[PDB]
Ligand SMILES: N[C@@H](c1ccc(-n2cccn2)cc1)P(=O)(O)O
Ligand SMILES: N[C@@H](c1ccc(-n2cccn2)cc1)P(=O)(O)O
Ligand SMILES: N[C@@H](c1ccc(-n2cccn2)cc1)P(=O)(O)O
Ligand SMILES: [Zn+2]
Ligand SMILES: [Zn+2]
Ligand SMILES: [Zn+2]
Ligand SMILES: [Zn+2]
Ligand SMILES: [Zn+2]
Ligand SMILES: [Zn+2]
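Protein chains in written order, with the entry's author numbering: chain E, 86 to 254, 262 to 602; chain B, 86 to 603; chain A, 85 to 603.
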């Protein structure tokens, strides 16, 4: 629990913001039928033009203000176009001589917006929010969104609007929404607020640098979260880890000044437990690569505080699950947390180490540390006797060359479990794609001396090879593995996505 | 048709072997219930032991010979196990008092062999053929295989057995003799018999593609390759047309023409057509990337790992498409019209080459800013796709060694398929299953499209920011298909067998099964 | 001759060659030390050591035929100076005839037998005294022991290093460039050393001639201009000559050599010079040099850091040494031998017409070759040159080539490597290395690596897939093209260019000549 310091100025906890301005926003959803009132703040119409690419803006909603109605006449609005993410907004006096701002965000030409399209719409809305002092935003939907996409709009809106100022040395108070069939959308609001925080909380852990967020401070943070949500909790220290023979996980942490800490939180429904689930996140608080130092061009060592993104997603999931309280399930939230460093004490390339299931592993590359920690976490997970194990991890840079920065990859040993993940991707709107575990490549992990190799020498499909490795540590339980190495960090916006929180929560809930 | 030469020693045609030793093999299929005769050559039992990991060898089938039956008694076989790939040879005298060779190949303990597993069986089998002058092989199936798997066994046997000596002169292998007879014993032989000549056809289509791929770029250039295609079309009685530069200029194929600018070989666009005799119910265009050498152009393949010495293989897609034309032209399916297309050229460094930054105009009027001259495949394919869609077809399928990134996504065993049409994609996946050429569906992620935006041209050739080049290339290609079901098979990772140092001829069986099942 | 093609009219159409050098105007007189030294005009340098006494004091042992100078050079006066290898001092005084004379010494250290490397340091120090001093004469007094070969080596190196190549200077010629007209040498047993003097002058020019061809840039020295210079040389020496052009190379089916030159604007030219003794021929020898006038790498372009593409005009160093040897042999006229001087000359360029990585080409002996890297072009040209050589029906084939950059990692910049298929011939090369003072080291042809040249499609691979010992692999490749003749291969990739001095060495001329002469 006590965070070691090198100098007295070294931080001993991760700063965490729980009560955010987003939580003070009162949201009201009205049906478009009856007309829209425009009384104050900013009012933005979400507008498309099907077929007509870069077509003119045309507002179809009745507005119950004569000055604003005149502004929104076809002749005026056609001066503007609906190209995706394009916006205009104008200040004017309404019927009461009150200052109001009115504008639109273009939603392009397709009737159904993808999650990527919707993020661009939101980003354009958020730019307006960041540039105007407003007590209120009103958004009018003249496009089609289903319940999940509506909730996604709110989650993204909240997440993108919120600004993380923890390391630096006026938000709207009201949100109105006009949408057709408003009554069906109302229940999405408070769910969105919960999903927003899980995601934002995960983002806070990820964005926190490795001096602040280390294995001791991160496990401490998880205990605090568990205490607030009344989850059972257990942090495993080195002595216990040694007793459990977690040789793969411990070896990765040998070169760190921070002792390894294994996080185990448990949610348990009040009723009968019908499904048991273990969620496992990769928890490397900084990945230097170890003796295989990240020194090659493009290795992005300055990003590597993000290598606990999987742990963050899992803890973000525990927030949502602990808040929403699903029935009939028992959820274990697990992460083998450590730091991968260079030291007289570090493990070396070539070292042979022994995992908790007795398998000996030849280390081919100390920068393939994630799969070693996951190996012992997977053995620990299966001993819990669960129905499903799902891990999520920034595991392989190869993901950038396969699916890229938008879609995460999912691998697994059970087709039914994979389809549940894919369905959860659909309803969470966090995109995932099923990639194969190709058994033909398994032979490349046949070590000359140890039971198995950590990495392949010859096969470049490393996301698949890593999955083959992980599979060796799940013996008879449905397991899926989500590789978020490509999708976790938003490179353009210079911040985490908190990717996976909503995916995992939808998986648990539905 | 005349192949330009720099010196008189430059080859002016690709050597093709049409009648291979495999074609001289007389294949006979017998039902296993009648028992096996062991008379001469080498008789091999394919055995498994379901359950027991490396369980003993048990010879179940009847053997119409007292002497040999005594030999293969469980007592004598107990010492041998069925571990995948294991083989043993036996020597004995039959009731005739003649000496016979017998043996087995282990097929493991799993009761349903995989495509990769069966290949390991065949490879073990080929090892037994390779340094033994035999007149006849007999194979007895004591394992279960469906019709497709049986065909796959034969195809793979034929392909691996065959050795390409077109470019050997001094280095003989003078100990080479092919069996003249193959006997097969299998349960319900009557259903399997039809698979024999189908397998032989598939073998050659695949092996033909292999010959074009392995043929180096001085032998296989755009003129010689299009010449070979003409000769194939003539042998198969297919209609054919080869478009030359003047015609390609008239068609305004500026993306394709630009790639070939730096080559001493004029661009040649291959167009073969197979048409069924009856009602035509489906029209299909098969498009193959046909870069006969890919130097990279001014974006020269000089970086570590760029494998410039492999780049004669960059017309693998074209080879696949021509191999498919062999099978389709031989099998003659009904109700169908197939167009076999390749925009053939060579990507070279010259005073005449196109340059990074050049803006060029495709045949559909779209201007393209060339960001990297080594992304040349998608440019040639753009113009080929436009041409294909003008034929007014139901399906366009292209196949290409398009992106090295495939090695990082699916690797060397599975090709990737991308597309704009789920039904077409499903048909290709079904064709993958029945051809036993593995393919995996990968997504066209529209979010990356904005990164192909050009400040000056209509579209950029490559992405500024996205590293998922297999997807970006797919997004680029999709811009050249307006309203037709289309799929794209990226075979960059699977085309070359790096371990065996030879091409696979990947895609011939996949495309043929697609054509046939439709 | 052939016409050199030009892209523009300002493209040079011949290599500038200086035949009558200032070194050739130098009159050399050798005296026996026992007669005493006359000390008059110019600069008189004593070569002095002190055996065992590291940095020991200078002592002038020779009789000096002048009272003033003898007094000046007496032990007490000289003890303030020391013999540290390479150090030197200038003296000024008036002699017995009241004329001012310049005197000095170069220190030759404390080890009695000077290595070839030590002697070069002594010579360089001496040359430093000749530069920037307008002298009419230099006199050198040997107070160190040198055998006949080492004495000749001194003279050769002096001549070579003193000479300054200004062929490509225009606005920057040295205004003060002025050479001695006389060289005096005092040495014990002078009559035994006299025969080495003109031999040294001939060896110097062969080496300097090779140097001129190598230093000449690839626009000046291309396959047409280089073969033209070989013709001119042959005419001046009365050697027989034949230059094979493309049509003749095609007829001989030299596909490996032709493929390399496909991408060049300059047609391939195969040089074949022949010296025949007037006597009865007892030995026949072919000397083959790699003649790549520029090596860009071809499609395997030299773009990697350290590939030194700007040095690649030097890739005809082997051809240059063979031609330099032709000069020496044609001048000294050895008896009872017939020597063939051979080079498959071409240029390795990037073009629409270039051969490609992966191409399969057929050598003149029928062997098909899979090209794995267009930058391993030397061994391809040498393949056909070796087949051509063996058909001449000679007793020995020796090739010399800047073949593998790996040499720098094995033997470095001072020692060349020799490989071969015949021990007797290798020892004769090593023996010639001793007498020429151009150091060579015997390296193995490791047959275990041969399998790594097995091609899946062609008869043989040009390069290894797995073996990094490229100097050895290259030698294995070359051996496949000599069937039944004693053959040796000298890789001078590391030693040809003097990186410190920024000039070629003309390495191999003296080595090869000694080889021809000793036989
Ligand atoms: N932390 C993993 C990782 C994750 C992402 C990236 N990466 C993401 C973008 C570019 N590189 C590299 C390594 P690892 O080094 O494979 O353990
Ligand atoms: N020809 C394509 C290609 C295909 C394969 C490979 N490649 C396959 C294995 C290793 N590299 C590289 C480039 P391109 O250079 O992307 O056009
Ligand atoms: N020309 C040969 C060569 C010779 C010398 C060097 N080299 C000499 C010093 C440093 N590099 C490199 C290549 P090649 O490219 O191996 O044919
Ligand atoms: Zn790592
Ligand atoms: Zn990591
Ligand atoms: Zn390319
Ligand atoms: Zn290509
Ligand atoms: Zn070279
Ligand atoms: Zn060279």
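Even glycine gets a Cβ: it sits at the ideal position worked out from N, Cα and C.
In whole angstroms, give me the CA-to-CA distance for residue 254/B and residue 100/B. 13 Å
Beta-carbon within less than 7 Å of residue 299/A's beta-carbon, same chain only, minus the 5 sequence neighbours each way: which residues are those? 249, 587 and 588
Got a sec, what are the start and stop residues for the alpha helix (DSSP H) residue 412/A sits in? 401 to 416
Using a Cβ distance threshold of 8 Å, determine whether the segment 575 to 586 of chain A contacts the segment 487 to 500 of chain A, with at least three qualifying pairs required. Yes, they touch.
Per DSSP, residue 127/A forms a beta bridge with which residues? Per DSSP, 186/A and 222/A.
According to DSSP, simplified to helix, strand and coil, what is residue 545/B? Strand at residue 545/B.
Going by other Cβ atoms of all chains shown within 10 Å of its Cβ, with 16 needed for buried, is residue 280/A buried or exposed? buried
Go through its chain and collect everything with a Cβ distance to residue 311/B's Cβ below 6 Å, but skip five positions before and after it. 327, 353, 355 and 429
Along the chain, which unbroken stretches of the beta strand (DSSP E) at least 3 residues long are found entirely within the segment 533 to 590 of chain B? 570 to 575
Reducing DSSP to helix, strand and coil, say where residue 268/E ends up. strand
Integer Cβ distance of residue 114/A from residue 277/A, believed to fall under 8 Å: 6 Å
From residue 456/B to residue 547/B, what distance separates their C-alpha atoms? 6 Å
List, in chain order, every chain A residue whose beta-carbon is nearer than 7 Å to that of residue 309/B. Per Cβ cutoff of 7 Å: no residues; residue 309/B is ~13 Å from chain A at best.
Applying the 10 Å Cβ sphere with the 16-neighbour rule, what's the burial state of residue 437/A? buried
Look up residue 503/E in the DSSP assignment and give the residues it is bridged to. 573/E
How about residue 570/B and residue 509/B: are their beta carbons less than 8 Å apart? yes
Could you check what DSSP says for residue 96/E in three-state terms: helix, strand or coil? For residue 96/E, the secondary structure class from DSSP, reduced to helix, strand or coil, is coil.
Under 8 Å, do residue 414/E and residue 321/E count as touching if we go by C-beta distance? yes
Closer than 7 Å to a non-hydrogen atom of ligand 3 - does that hold for the CB of residue 392/A? Because some heavy atom of ligand 3 lies under 7 Å away, the Cβ of residue 392/A counts as near it: yes.
Would you mind sorting residue 615/B into buried or exposed? The rule is 16 or more other CB atoms within 10 Å of its CB. Nothing about residue 615/B can be read from this structure; chain B reaches only from 86 to 603.
Three CB pairs or more closer than 8 Å across the segment 475 to 490 of chain E and the segment 548 to 555 of chain E: yes
Less than 7 Å between the CB of residue 461/E and some heavy atom of ligand 4, yes or no? yes
Using a Cβ-Cβ cut-off of 8 Å (strictly less than) and excluding sequence neighbours within five positions of residue 156/A, which residues of its own chain qualify? 175, 177 and 187
Look up residue 356/A in the DSSP assignment and say whether it is helix, strand or coil. strand
Got a sec: does ligand 6 put a non-hydrogen atom nearer than 7 Å to the Cβ of residue 268/B? no
Hey, quick one: how far does the beta strand (DSSP E) through residue 421/B stretch, first residue to last? 421 to 432
State the Cα-Cα distance for the pair residue 485/E and residue 485/A, rounded to the nearest angstrom. 56 Å
Report yes if the CB atom of residue 529/A is closer than 8 Å to the CB atom of residue 559/A, and no otherwise. With contacts defined by Cβ atoms closer than 8 Å, residue 529/A and residue 559/A form a contacting pair.
Looking at the C-beta of residue 384/A, does it have a partner C-beta in chain B at a distance below 8 Å? Yes, residue 384/A counts as interfacial toward chain B.
Distance cut-off 7 Å: residue 191/E Cβ against heavy atoms of ligand 1: no
Selection from 597/A, 545/A and 347/A that minimises the alpha carbon distance to residue 519/A: 597/A
Leaving out the 5 sequence neighbours to the left and right, which residues in its chain are closer than 6 Å to residue 232/A when beta-carbon positions are compared? 280
Are the CB atoms of residue 439/B and residue 343/B nearer to each other than 8 Å? yes
Look up residue 172/B in the DSSP assignment and say whether it is helix, strand or coil. strand
Straight-line Cα distance separating residue 324/A from residue 606/A: Because residue 606/A is not part of the residues shown, which for chain A are 85 to 603, the question remains open.
Collapsed DSSP secondary structure at residue 291/E in the structure displayed: helix
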